[PDB]
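A.B. asks:
Chains as they are written, first to last, in UniProt numbering: chain A, 360 to 409; chain B, 410 to 458.
1) Output needed for residue 433 of chain B: all residues of its chain with C-beta closer than 8 Å, excluding positions within five of it in sequence on either side, in chain order.
2) How many Å lie between residue 388 of chain A and residue 360 of chain A at the Cα?
3) Alpha carbon to alpha carbon, how far is residue 373 of chain A from residue 393 of chain A?
4) Tell me which residues of the stretch 369–401 of chain A have at least one Cβ-Cβ distance to chain B shorter than 8 Å, keeping chain order.
5) Out of A:399, A:391, A:400 and A:384, which has the shortest C-alpha to C-alpha gap to residue 367 of chain A?
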């Protein structure tokens with residue numbers, strides 16, 4: 360129940376990785392969803408690949 | 410620096426064709442271009458419309 364803008368997160372250089380599966384990051388502005396869920400946790404750097 | 414890649418350089422300063430034929434050659438230059446006080450003579454385009 361909100362307006363999302365994924366260009367801010369995408370252009371930001373602060374992220375170590377930004378990998379999209381199924382989609383790709385510049386198309387996210389013209390697409391919309393019934394819901395989006397954010398799974399948030401801390402891992403070890405070498406575990407990012409997992 | 411590869412076909413199909415995006416980012417602030419891939420989009421603003423150096424874009425390759427996705428049908429690129431050729432080779433990408435790279436080596437570190439930490440003992441030549443970097444300087445104490447930093448080397449600020451190398452500029453990149455942070456933002457473009």
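Ideal Cβ placement from N, Cα and C applies to all residues, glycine included.
C.D. replies: To lay it out plainly:
1) Along the second chain, one-based indexing puts residue 433 of chain B at 24. Leaving aside the five residues that flank residue 433 of chain B on each side, the residues in its chain whose CB is nearer than 8 Å to its CB run, in chain order, 410 and 411.
2) Along the first chain, one-based indexing puts residue 388 of chain A at 29. Along the first chain, one-based indexing puts residue 360 of chain A at 1. Near 16 Å, if we compare the C-alpha coordinates of residue 360 of chain A and residue 388 of chain A.
3) Mapped onto the first chain, residue 373 of chain A falls at position 14. Mapped onto the first chain, residue 393 of chain A falls at position 34. The alpha-carbon separation between residue 373 of chain A and residue 393 of chain A amounts to approximately 28 Å.
4) Along the stretch 369–401 of chain A, going in chain order, the ones with a CB nearer than 8 Å to a CB of chain B are 370, 372, 384 and 385.
5) Here the question's residue 367 of chain A lines up with position 8 in the first chain. With distances taken between Cα atoms, residue 367 of chain A lies closest to A:384.
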